[PDB]
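**Student:** Pasting a structure below so you can have a look.
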Amino acid sequence: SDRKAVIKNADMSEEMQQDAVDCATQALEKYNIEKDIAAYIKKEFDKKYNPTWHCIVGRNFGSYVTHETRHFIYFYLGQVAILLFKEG
Amino acid sequence: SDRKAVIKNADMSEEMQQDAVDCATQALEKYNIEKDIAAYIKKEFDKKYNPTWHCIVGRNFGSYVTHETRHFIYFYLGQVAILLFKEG
Amino acid sequence: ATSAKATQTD
Amino acid sequence: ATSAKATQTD
């Protein structure tokens, strides 16, 4: 819509990266609270791309996670950072 | 040391919750950058309590994750929030 | 064996 | 099958 997608680190097909950005755009259009945004994104990837995804949405965080190959993306959408990854 | 541990949500034995707080205290004493803090905590729980843990450290984030029973803690230590959980 | 959890910073 | 990743906000 108005928000700039900047992908920072991805281990993920470009189709799926575009999905991630799409999902997060829909989440940001629907929700204002970071946990709700993360939930929307997580639930839709669990549906679309199989469980089990995990999503963190915020302006200030660092992380260290373990993900399945080809199932990791860390990106900005506007001023919010989104970590989305599959493990389990 | 000086930082106040405030546990917000836990699905975890009280022994392990104390370990989590201990680990994060050591991390904060050693590291200033959130990703490094998260890495220290993640790696030590992978060692002490078996893989696979995931750790997020920050002042602003929401999350939605899936964890194994009895292997979840979300807490503050000082002004930083720490999410630490096992999945995989 | 698992649960889903939401967290939000103050 | 897996990798570990670190992320840090700007």
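How things are named: the first chain in the structure tokens is A, the next is B, and so on; residues count from 1 in each chain; ligands count from 1 in the order shown.
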So which bits of region 14-66 of chain A end up alpha helix (DSSP H) when you DSSP the backbone, as number ranges by chain?
**Tutor:** A: 14-30, 34-49
**Student:** Please produce, as a tab-separated table, a per-residue contact table for chain C versus chain A (criterion: any atom at most 8 Å away, only C-alpha atoms considered), showing the nearest atom pair and its distance in Å to one decimal, sorted by chain then residue number.
**Tutor:**
```
residue	atom	partner	partner_atom	distance
C:6	CA	A:35	CA	6.0
C:7	CA	A:35	CA	6.0
C:8	CA	A:35	CA	5.6
```
**Student:** Put those residues in a file: N, CA and C atoms, as a short mmCIF file (atom, residue, chain, number, x, y, z; two decimals), in the first residue's frame.
**Tutor:**
```
data_model
loop_
_atom_site.label_atom_id
_atom_site.label_comp_id
_atom_site.auth_asym_id
_atom_site.auth_seq_id
_atom_site.Cartn_x
_atom_site.Cartn_y
_atom_site.Cartn_z
N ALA C 6 1.39 -15.74 22.49
CA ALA C 6 1.60 -14.35 22.05
C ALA C 6 2.31 -13.57 23.15
N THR C 7 3.26 -12.73 22.76
CA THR C 7 3.93 -11.82 23.71
C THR C 7 3.92 -10.40 23.16
N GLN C 8 3.84 -9.41 24.05
CA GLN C 8 3.92 -8.03 23.62
C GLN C 8 4.65 -7.20 24.67
#
```
**Student:** Do you have the CA of residue 11 (chain A)-CA of residue 83 (chain B) distance handy?
**Tutor:**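 Answer for the CA of residue 11 (chain A) to CA of residue 83 (chain B) separation: 22.6 Å.
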**Student:** Pick the closest to residue 9 (chain C) from B:53, B:76, B:61, B:40: which is it, counting only C-alpha atoms?
**Tutor:**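 Closest to residue 9 (chain C), using only C-alpha atoms: B:61.
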**Student:** With distances taken over only C-alpha atoms, which of A:79, A:47, A:72, A:41 is nearest to chain B?
**Tutor:**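 Closest candidate: A:41.
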**Student:** Within 12 Å of residue 1 (chain B), counting only C-alpha atoms, which residues qualify if same-chain residues fewer than 4 places away don't, as a VMD selection string?
**Tutor:** chain B and resid 5 21 to 22 24 to 29 77 to 78
**Student:** Measuring atom to atom with only C-alpha atoms, identify which of A:52, A:63, A:18, A:32 is nearest to residue 3 (chain C).
**Tutor:**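 Closest residue, counting only C-alpha atoms: A:52.
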**Student:** According to DSSP computed on the backbone, where in chain A is there strand (DSSP E or B)? Give the residues as a PyMOL selection string.
**Tutor:** chain A and resi 5-12+53-68+71-77+80-86
**Student:** Just how far from CA of residue 17 (chain A) is CA of residue 60 (chain B), in Å to one decimal?
**Tutor:**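 Separating CA of residue 60 (chain B) from CA of residue 17 (chain A) is a distance of 23.7 Å.
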**Student:** Just give me the gap between CA of residue 43 (chain B) and CA of residue 31 (chain B) in Å, one decimal is fine.
**Tutor:**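 CA of residue 43 (chain B) sits 13.9 Å away from CA of residue 31 (chain B).
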